[PDB]
Amino acid sequence: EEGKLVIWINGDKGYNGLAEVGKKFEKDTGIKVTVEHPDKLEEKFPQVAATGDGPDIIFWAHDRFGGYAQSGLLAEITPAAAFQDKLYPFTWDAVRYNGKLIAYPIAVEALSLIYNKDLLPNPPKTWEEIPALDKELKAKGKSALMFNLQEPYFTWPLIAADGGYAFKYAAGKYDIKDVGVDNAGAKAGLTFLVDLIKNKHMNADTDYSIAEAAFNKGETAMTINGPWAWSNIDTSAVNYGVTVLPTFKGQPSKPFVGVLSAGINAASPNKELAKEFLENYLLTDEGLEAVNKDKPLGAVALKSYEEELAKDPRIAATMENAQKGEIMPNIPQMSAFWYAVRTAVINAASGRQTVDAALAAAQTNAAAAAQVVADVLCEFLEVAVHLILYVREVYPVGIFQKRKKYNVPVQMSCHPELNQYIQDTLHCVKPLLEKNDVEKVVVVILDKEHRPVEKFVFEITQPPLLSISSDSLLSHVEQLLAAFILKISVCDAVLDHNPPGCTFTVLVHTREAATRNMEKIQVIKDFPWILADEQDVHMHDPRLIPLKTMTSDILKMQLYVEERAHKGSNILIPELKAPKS
């Protein structure tokens, strides 16, 4: 297929205008450009580019391009700095995967505040003034605001405004374990939304069609919707404005941003012709005008042409909200985010869950990787703690039962109260591990005077994780954890025997000031944790015997033992004591 350009774009786009750009490229270069609009484009591309064929260039929403790239279906693109400067800077952050540019940004789309200019000549700038506005409109038989509450796309702008986010983004990559749906900002935003329903300014049942019908018949002063909705309003007799979404706590609302994007098939022999067509023909005022004249593109990523389009203040408003918004992450973990958050908002809004519990459950289900690593650690710490108590003889050998785990032998207590105390401890730690807030977990051995004799220190690092690749990572990790168990089960040969009558406790060192974690760690009723006293932790003259260190993609960990010479603020400890031996 060398010497031609085959382009796939979706049939709702201006593909006849794109074909006209294709013909000016041909006149000037000889290269014939053929534009096609097949069906089910996004699902056909990973099927036919797996064979190595398909188009040289595919146009689609950017969000799918990050999985294309992890499948290696997209070429890396090499625009000069001077060409990048021609597009709005935030649009390049939507076409980056693993730090590398993988597509050209074309058009930008996001939600705006749409408002009826008979009811509301000046739209509110803050979410905070909508309750008072709705009371004034109710006395006129109207309401202030109606938008889809059934879909998290539409409610996210308010949730994300004060600190919520989907996946954390840095250096052109997403950390699939850093999710911001249950942080302080998300909860404030979802609290405000829920309080609007509580105070009867919105109805929790409102959906897309109910919101559109009501705004378009002059019954509600404002709605929140996208450029796909302008058409129906235009023929509705409502005169409407399109403006920036209100601030929340003085912060911009942050709608999800969609970027129409042009990617290059990694299998293509014409990669250089594709770069030239896209950079010097399409991404120009002349080329975008020809597409936009066929079917409007909305706001565009090329600055000079967007300055022309922005004479339509509707388009200016889309671009301004897009600049303040959150680029929709381009990774396959977004599908778990959407299900999780859709249930959270629906549940919280109809009063079927608390806000804290709705989001907490959404956080652990959107950040499935962070749940997986925390559960692997908690299973391991449980196994480790039992084995420590066996090999150091804190409890007699008759309460233990020989078992298999990580393919090495272990020892598991059958003492129900002991097991219950270790599970309570580890269930409280698990949410802190899910947030990567744990620096150290320390199994402490204490003598009859409640002074520390031994400390088994597990130092924990959880590296940022990208969209998972190695299919044997959990298997490789379990071999690394198995070696920790082997070190523990032969560690009596390196440690002096403990004086008789010892007990044990568990310490958590946190990364930051433990006072923020003081609420997150109280997960079990009647099993509180407190800030540790220096008597609880201070070791008199410690000797540091190292035991094991591992490194892997999901977890770096060091196990060492602090032993006292002669045996015979960021620290949390359970209030309760283990059942004595």
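A.B. asks: With reference to specific residues and values, describe the packing of aromatic side chains.
C.D. replies: Under the criterion given, the structure shown has 27 aromatic pairs. Summarising the aromatic geometry, the rings of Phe 337 and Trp 338 are spaced 5.4 Å apart at their centres and angled 80° between planes, so their arrangement reads as edge-to-face. Exposure class is identical for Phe 337 and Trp 338. Each is buried. Taking the centre distance of 5.9 Å and the plane angle of 75° together, the rings of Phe 380 and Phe 458 count as edge-to-face.

A.B. asks: Could you give me a rundown of helix α7 (residues 152-159), with the residues and numbers involved?
C.D. replies: Every α-helical turn comprises 3.6 residues, leaving residues that sit three or four positions apart pointing alike. With eight of eight residues buried, α7 lies mostly within the body of the structure. Restricting attention to buried positions, one finds in α7 the residues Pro 152, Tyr 153, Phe 154, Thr 155, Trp 156, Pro 157, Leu 158 and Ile 159.

A.B. asks: Describe the pattern of salt bridges, and please don't skip the residues or the numbers.
C.D. replies: This model, assessed by the stated rule, comprises 28 salt bridges. We note a salt bridge from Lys 187 to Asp 356, for which the minimum N-O separation is 3.3 Å. Placement of the pair is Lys 187 in helix α8 (residues 184-198) and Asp 356 in helix α16 (residues 355-366), with a sequence separation of 169 residues. Overall, the relative accessible area of 42% leaves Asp 356 in the partly exposed class. The closest approach of N and O atoms between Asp 375 and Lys 430, which form a salt bridge, is 2.9 Å. With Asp 375 in helix α17 (residues 368-391) and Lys 430 in helix α18 (residues 416-434), the pair connects residues that are 55 residues apart, well separated along the chain.

A.B. asks: Could you give an account of the sheet that holds strand β11 (residues 220-225), with specific residues and numbers?
C.D. replies: Spatially, the four strands line up as an open sheet ordered β8-β11-β7-β12, and their pairing is mixed. With one partner strand each, in any of the chains shown, β8 (143-145) and β12 (240-243) form the two edges of the open sheet. Taking each pair of neighbouring strands and ignoring which way they run, the sheet shows an average axis angle of 20°. Helix α14 (residues 313-323) rests against β7 (112-116) and β12 of the sheet, and its axis sits at about 30° to β12.

A.B. asks: Please provide a residue-by-residue account of empty space enclosed by the protein, values included.
C.D. replies: Approximately 70 Å³ is the volume found for the largest cavity. If you trace the largest cavity, you find it lined by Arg 96, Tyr 97, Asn 98, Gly 172, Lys 173, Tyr 174, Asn 330, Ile 331, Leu 466 and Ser 467. Sorting the residues of the lining of the largest cavity by element identifies β4 (96-97) and β10 (173-180) as the ones contributing at least two each. Of the residues assigned to the lining of the largest cavity, the class counts are four nonpolar, four polar and two charged.

A.B. asks: I'd like a rundown of the domain arrangement of the protein, residues and numbers included.
C.D. replies: The domain boundaries assigned to the protein delineate domain 1 (110-256 + 334-361) and domain 2 (362-574). The distance between the C-alpha centroids of domain 1 and domain 2 comes to 43 Å. Each partner contributes residues to the interface: domain 1 has 19 residues there, and domain 2 has 18 residues. Taken together, both faces of the contact between domain 1 and domain 2 bury some 1,400 Å²; the carbon and sulfur share is 58%. When the buried surface of domain 1 facing domain 2 is broken down by residue, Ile 176, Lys 177 and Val 179 rank first, second and third, together holding 45% of it. The residue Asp 182 makes a salt bridge to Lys 435 at a minimum N-O spacing of 3.5 Å. The set of elements that each furnish at least two residues to the side of domain 1 that touches domain 2 consists of β10, α15 (334-349) and α16. Grouping the amino acids of the side of domain 1 that touches domain 2 by side-chain chemistry returns 14 nonpolar, one polar and four charged.

A.B. asks: Explain the side chain of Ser 253 to me, using residue names and the numbers behind them.
C.D. replies: Looking at the secondary structure, you find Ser 253 in the loop between β14 (251-252) and β15 (256-264). A relative accessible area of 2% places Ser 253 in the buried class. Here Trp 127 takes part through its side chain, which lies 2.9 Å from a polar atom of the side chain of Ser 253. A distance of 2.6 Å separates a polar atom in the side chain of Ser 253 from the backbone oxygen of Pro 246. Discounting chain neighbours no more than four positions away, the residues touching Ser 253 are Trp 127, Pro 157, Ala 161, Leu 245, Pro 246, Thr 247 and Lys 324.

A.B. asks: Now, about the sheet that holds strand β25 (residues 556-564): what can you tell me, with residues and values included?
C.D. replies: Ordered by their spatial adjacency, seven strands build an open sheet running β23-β26-β22-β20-β21-β25-β24, and the pairing between neighbours is antiparallel. Pairing within the sheet leaves two strands with one partner each, and these edge strands are β23 (529-531) and β24 (542-551). Adjacent strand axes in the sheet meet at a mean angle of 20° when their direction is disregarded. Where α18 meets the sheet, its contacts fall on β20 (438-446), β21 (452-461), β22 (503-510), β23 and β26 (571-574), and the angle it forms with β22 comes to roughly 5°. Docked against the sheet, helix α19 (residues 473-489) engages β21, β24 and β25, running at close to 155° with respect to β24.

A.B. asks: Talk me through the packing of α15 against α16; I want residue IDs and the actual numbers.
C.D. replies: In helix packing, the relevant descriptors are the interaxial angle and the interaxial distance, both defined with respect to the helix axes. Close contact between α15 and α16 brings their axes to 8 Å; oriented N to C, the two are set at 170°. Compared by their axis directions, α15 and α16 come out roughly antiparallel. Counted together, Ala 336, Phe 337, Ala 340, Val 341, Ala 344 and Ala 348 of α15 and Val 355, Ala 358, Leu 359, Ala 362, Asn 365 and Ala 366 of α16 form the full contact between these two elements.

A.B. asks: Can you explain the environment of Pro 121? Please cite residues and give values.
C.D. replies: Secondary-structure assignment places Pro 121 in the loop between β7 and α6 (130-138). Residue classification places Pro 121 among the exposed positions, given a relative accessible area of 52%. In this structure the C-alpha to C-alpha distance between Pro 121 and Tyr 240, which are 119 residues apart in sequence, comes to 9.4 Å.

A.B. asks: Could you give me a rundown of unusual backbone geometry, with the residues and numbers involved?
C.D. replies: With a phi angle near 50°, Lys 249 is a residue other than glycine that sits in the positive phi range. Within the secondary structure, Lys 249 sits in the loop between β13 (247-248) and β14. We classify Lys 249 as partly exposed; its relative accessible area is 48%. Located in the positive-phi region is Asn 407, a residue other than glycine, with phi close to 65°. Relative to the helices and strands, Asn 407 is located in the loop between β18 (400-405) and β19 (408-413).

Here is what the cut-offs are and how they apply
Residues numbered from 1 in each chain as written, not as in the entry; some residues may be left out. Heavy atoms only, no water. Residues with missing side-chain atoms left out of burial classes, pairs and counts. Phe/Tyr/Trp six-rings, centres within 6.5 Å; stacked < 30°, edge-to-face > 60°. Buried < 20%, exposed > 50% of the residue type's maximum accessible area, 1.4 Å probe, protein only. Helix = DSSP H or I, 4+ residues; strand = E, 2+ residues; numbered from the N terminus. Salt bridge = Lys/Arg side-chain N within 4 Å of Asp/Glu carboxyl O. Pairing = 2+ DSSP bridges. Axes fitted to C-alpha atoms, helices over the stretch in contact; angles between N-to-C directions. Contact = heavy atoms within 4.5 Å. 1 Å grid on protein atoms, 1.4 Å probe; cavity = no way out; pocket = protein on both sides within 12 Å on 5 of 7 lines; lining within 4 Å. Points joined across faces, edges and corners; volume = space filled by probe spheres on them. Nonpolar A, V, L, I, M, F, W, Y, C, P; charged D, E, K, R; others polar. Domains from an automatic or database assignment. Buried area = accessible area lost by both parts, 1.4 Å probe. Polar contact = N/O pair within 3.5 Å; in protein donor to acceptor, adjacent residues only side chain to side chain. Parallel < 35°, antiparallel > 145°, perpendicular 65-115°, else oblique.

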